[PDB]
Ligand code: HEM
Ligand code: HEM
Ligand SMILES: Nc1cccc(CCCCNCc2cccc(OCc3ccc4ccc(N)nc4c3)c2)n1
Ligand SMILES: Nc1cccc(CCCCNCc2cccc(OCc3ccc4ccc(N)nc4c3)c2)n1
Ligand SMILES: [Cl-]
Ligand SMILES: [Cl-]
Ligand SMILES: [Gd]
Ligand SMILES: [Gd]
Ligand SMILES: [Gd]
Ligand SMILES: [Zn+2]
């Protein structure tokens, strides 16, 4: 059992939960690949068995009446149909566990508070769009955001998958410019080109909300525009740099990842978008300051009258800090939920202690948990972590085009 | 079997073929990644043959003349004595490779410029002290720092080791109190207590340079006071915050690690202090601002009149950036070599590119290469890395008690 030290305090724990790691990661004794972004009924049966055991553990009913019945029921259904169906309560438990198990998520202190929308009856792309609009409306909640996931029908033989082609429900377009540059968000150039290819009339702003490409089984994707009043946005201003408003920057309230696969007990849900609320560094540091994103850092530093000709003035650090200040200030001003990296990392430390007592460990990806500014100022920097894969899980999947 | 390595800022892809050469096994398995953890008779000929092979290919002399000749004398030396002596060029070459191979060092663009002092004929704590004093004065060079390593005698059976008991050549004292808490450097507390326990006269202050505890083979260690004119220190002040200097903060010029074990061609040098020059975040961010180190972040924020009542004011980030500004400013004002984390990381990217051409890859520890402030503002944040152990190497080693 790996020993895990906290260097700020001297605390030591052992991660016995990693021993239960089923699926394997990319590291070996030869070489660590931890920093890489992207690392048969009988095997269906073992994953289902393990999940049913997890569920009956959670309802304090392991080895009971209901428990063995469900095990036999699932087996019989796998033998008879090649697959099986989750009960509603098992689905809710599985979606929360998938969040709880996600090693790159710093917000997991919230894992138990997740609104699960059961869309497993969804029949079409048009119904899919309706469900998604209701997810966005519920989750946004006029700025008082609520964690939620909508679960569309599982993958099954004989039918194609439900897929949301967009990587998030709200994304800004990225238009390859006249002179080779990108207007808008360069992360979204491909999906922008897919929307235009599918009949979307593009805009030419920097913050144009993209339409949804929604794929029903064995159907080409269909284009659906989000009603503007559903997509809550926050104009960015700075509490003391009044010229900051003139940059014309905005961001959207609702982070809703829509391209990941949800796995529960061997069943796969290729379409199960989930949403929380932002941590300010995601917007202020990554989305706005990455050289390959909006890349505003030099423009801000220049307007701040910093000396950008030498790196040792720390003009980059100073401009990034104020961009994060602006993000927090603007979201608070707009009354839209947001958490800063200090509050977020501190609550993740409480999560780790909770999980050590609950399960004997917690899978965590240090490189993703530690925030992208002010790393060692947060408590998670000084916390060793063990990364491993537990199921139920959220997993990357290939793009459907 | 050749790990694909992507840079996410630029889109570029490489393959680490060097990873195939990994000798010692890391802590990672396919079921769990332990990359974030700080600390995870004729087999001598195997690592000796291998090292001699490296040396001769590096001078473009594989399979010719002195190579086979030198292959035989090491064979003869081990058959006749159970070990062997390195030629001076090999000791030099091996020292540079251990540096080049250190996966946690962001300064390795400098690896080819290293001054190697050969103390293999050393034999007494008094003899070491003069060596360590040559080094320090050579390395410091009146503030124009030069990289350097002194190699004390290798380890042999039947005889105790040369060991430097301090973790660095320069360390500030840490004194416990009538109430537990520490005046000075909390990280050194323990060696401070050993130094006193061997007859040192403890000062009272927050920046008392500790004496050296030098251990000759099979002897208790002797205390050695360093000449105060030999230990170059930098009083910390801030370009525009005139009160910063009044906080009385200082740091020393020479970072010289003195507790690691140099391994070359199966040979083990438990006393081999190496020194470079500081990256400003090592002092400004970790040494001064870690909660378990000098922990000055709050004192600076009070002086800056910052709103320390709410985390979302980012007062910690603001205070931290100014402390790093102070470090860079003070070191430059004193003309003591220092490198900021932007310059340092940009040079490492250049090092990765060189190493890709030269050896086909580079073992790199993402968690230690990315700086502790402004992580994603530096290019190494967006660079995938492969971590693995190559030899020659610097390795951690137990404390000699
Ligand atoms: C409630 C507030 C939440 C916060 C503050 C939060 C925060 C974060 C952050 C900062 C990341 C890293 C993103 C990046 O750097 O690219 C992340 C990743 C992730 N989060 Fe959370 N999250 C929240 C809610 C949720 C919910 C509700 C779910 C699912 C039910 C979830 C699942 C995940 C997953 C799967 C990842 C990994 C994404 C990837 O690998 O690309 N999070 N989260
Ligand atoms: C010349 C300028 C140099 C710079 C700017 C530099 C910078 C750094 C930094 C920032 C670290 C991270 C340590 C930490 O975060 O506590 C590090 C680690 C390390 N450096 Fe370098 N270094 C330099 C020279 C050298 C030299 C000359 C050697 C050996 C010959 C060396 C070998 C190492 C090793 C082995 C580590 C890992 C130490 C550990 O794990 O504690 N470095 N360096
Ligand atoms: N509030 C909330 C609530 C719910 C969910 C989320 C997460 C938003 C997730 C968006 N997923 C974007 C993404 C995916 C893959 C790679 C990305 O960038 C590449 C990259 C390269 C190197 C890295 C090194 C360290 C590190 N930590 N990240 C890296 C990312 C972005 N947020
Ligand atoms: N200029 C230069 C030049 C040459 C050499 C150096 C290195 C200075 C070494 C001082 N240090 C050594 C050390 C050893 C072990 C632990 C340490 O700290 C604890 C800790 C815990 C978690 C971490 C997670 C990530 C990360 N990056 N570091 C961590 C450090 C320090 N410097
Ligand atoms: Cl985002
Ligand atoms: Cl240091
Ligand atoms: Gd102003
Ligand atoms: Gd402008
Ligand atoms: Gd004042
Ligand atoms: Zn690993």
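Residues 67-106, 120-480, in that order, are what chain B shows, numbered as in Swiss-Prot.
According to its header, this structure was worked out by X-ray crystallography, 2.0 Å.
Backbone N, Cα and C atoms are what each Cβ position is placed from, and that goes for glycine too.
Together with B:365, B:446, B:447, B:460, Swiss-Prot lists one candidate of B:102, B:125, B:136 for binding (6R)-L-erythro-5,6,7,8-tetrahydrobiopterin, that being B:102. Unbuilt region (13 residues) between residue B:106 and residue B:120. Cα separation across the gap: 25 Å. Across the fold, the C-alpha of residue B:447 ((6R)-L-erythro-5,6,7,8-tetrahydrobiopterin binding site) and the C-alpha of residue B:184 (heme b binding site) stand 7 Å from each other.
Closest by Cα distance to residue B:94 (Zn(2+) binding site), from the binding-site residues B:184, B:356, B:357, B:361, B:366, is B:184.
For ligand 4, the neighbouring binding-site residues among B:184, B:247, B:446 are B:446, by Cβ distance under 6 Å.
For the pair residue B:356 (L-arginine binding site) and residue B:460 ((6R)-L-erythro-5,6,7,8-tetrahydrobiopterin binding site), the Cα-Cα distance reads 22 Å. Of the recorded residues, residue B:446 ((6R)-L-erythro-5,6,7,8-tetrahydrobiopterin binding site) and residue B:366 (L-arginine binding site) place their C-alpha atoms 17 Å from one another. Sequence-distant contacts (6 or more apart, same chain, Cβ under 8 Å) of residue B:475 (heme b binding site) comprise B:105, B:339, B:340.
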